[PDB]
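Just the one chain here, the form deposited in one PDB entry, laid out as C-alpha cells.
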C-alpha cells in the first residue's frame, strides 16, 4: 500500500537541536577570513592514513564536490549538494575544521566550501559562495555518441551549451589542454571523448573561439561552477554569509526587490473587501491561489507563489492551470484591482500582483468560512513582488509543470504511478504532513477547485462553504462504491436505493479506504469537530501560501 512514512521524513525529534537553531543568525556570524586559512592548513598536509597525492588535497575535494553536486536531477529536484549524503573518509579529515565551529557550519557547507577554496587556491578566481545548505539527518569510444551522452547527462543537470564546454574544460584543467586538443593528429587503441568538442559542430561555435579569448573560458567556467554548486539551494535569499556576489543571474528565477512600503492592516481589510466585491466565485479565487502556490518543489526550493508568474507565459499555458474557463478573467480582474489601488494609493502603499493572488485566496477562504457558519481570519504576510517576463526563463519552467495534481483531481496521460502515489509525491514536495494533506484535500474538494470543475470528489450538498462534508459523506456507510460502467477510473458510489448519489476518483477513496488516512478522516469528520477542521485547514493553507516566503524572507 501507500508508504505514509515518507511524509514525516526527518522529524524534529531526531534533530539534536530541537527549537533554537535558526541556521541564519549563526552562520551569518561566521569568520570566513579565518575559515579559509584553516581549510588551507588542513588540505596542505599529509597524513599517515590516506596518504597525500603530491601533498595538496585540492583535486580530492574538487572532484568530491563535483560528484556531490552532479546528482541534481531536474525531473523532480532531489539531489544536489544540500540533500542526503554523497568517499566519506573525508569527514575524518575535515573534522579538525568542523571541531572549531560545530553548529555554525553544516557538513554540506563545509564540504562544498572546501571544494570552492581548493579551486580558488589552485590558480583561479571563483565567482562567489553562499552558506545555508542545512544538513540532512542521514549524513566503444565514439565521438558523436560521447557528445550526445554528455549533452544528455548535462541537460538533466540543466547545463545547456556553454556551461557544458566550460565545465568539461575546467574540470580537465585558463587554457591548459585546449591548446593540447589542437596540436596534432589523434589516434586510438584498445582519451578521445574530449575530441567531441573538436567534432561536434555546435560546440565549435564557442570552443574554438575560446582559443583566442582565454579570459572568456575563465569567466564562463566561474559562472558554470557557481551554478553547479548552488543549483539545489533556492532563490537568492537563503544565500547566507559574507561571500555571495552582488549580482543576480537568470537561472535563480530572480524577483525584483520591494520598492514600496508594504500594506498594513486597514489596507488589507480594504483589499479583502474590494476583491470579493468584484463578482469572483470562491472556486475561482481559491483555484487561482492554489495554482500559483502549488507549483513549489521543497527539494530544489524552486517555484512557489513569490514573483507572481501565474500571469506569465510559462505558467499560464499549462493544462493544469486551465487557461480557458477562468485564469484570464481572474487575472484581469486582479490586475485591474491592483492598478486601481496603486493609482489612488494612500501614500506610498502599493500592492504587487503576487500579493493580490494570495490575498484573493485568503479572502475567498474567509468568505466561504463565514458562509459556513464560523468566523475565521486567514493570516496574510505581505512582501511578495512581481517578476517580469524577461526574468522567468520560459524554457526552465517546463519541469515544474504538474503532470498530475492530487488536490485538484488532475490526472494527465502518461503517469509513472497510477493515481495516488503521485498525490503522495506532491504532498512530499510541498512538505506537508499527513494531517495537513488530508485536511487540504478535504477543504479543496469542498470549496471547489477541481480541474475543469469536474464533480469528482465534491461530496458537499451545497458548495462554496468550507465544511468537513467531504469527510462526513466519505465515511458514510449508506453508500457503496463500485467502478463505473464507463471505465474512466471514476468510482461512482450508489446508495441503498440503487441510484447514483456521489462520484469519486482514486484519491478520494484512497483517503476513504486506507488505514492511517482513514484514521485521519475519522478524526476530522466526527461530530462537533467542525471548528477543529476549520482551524486546521486555515493553518495548512497559510503554511502552503507562505512556503516560498520564509526562504525568500
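Numbering follows the first chain given and starts at 1. Here, rigid core means the biggest group of C-alpha atoms that superpose within 1.5 Å across both forms.
Same protein, other form: the form deposited in another entry, not shown, and the subject of what follows.
- When the two forms are overlaid on the rigid core, CA displacement between this form and the one not shown of 2 Å or more is confined, within 394, 180, 122, 417, to 180.
- Shown in the overlay between this form and the one not shown, fitted on the rigid core, is a CA shift at residue 201 of 2 Å or greater.
- Relative to the superposed core, residue 475 shifts its CA atom by less than 2 Å between this form and the one not shown.
- Once the cores line up, the CA of residue 211 ends up 2 angstroms or more apart between this form and the one not shown.
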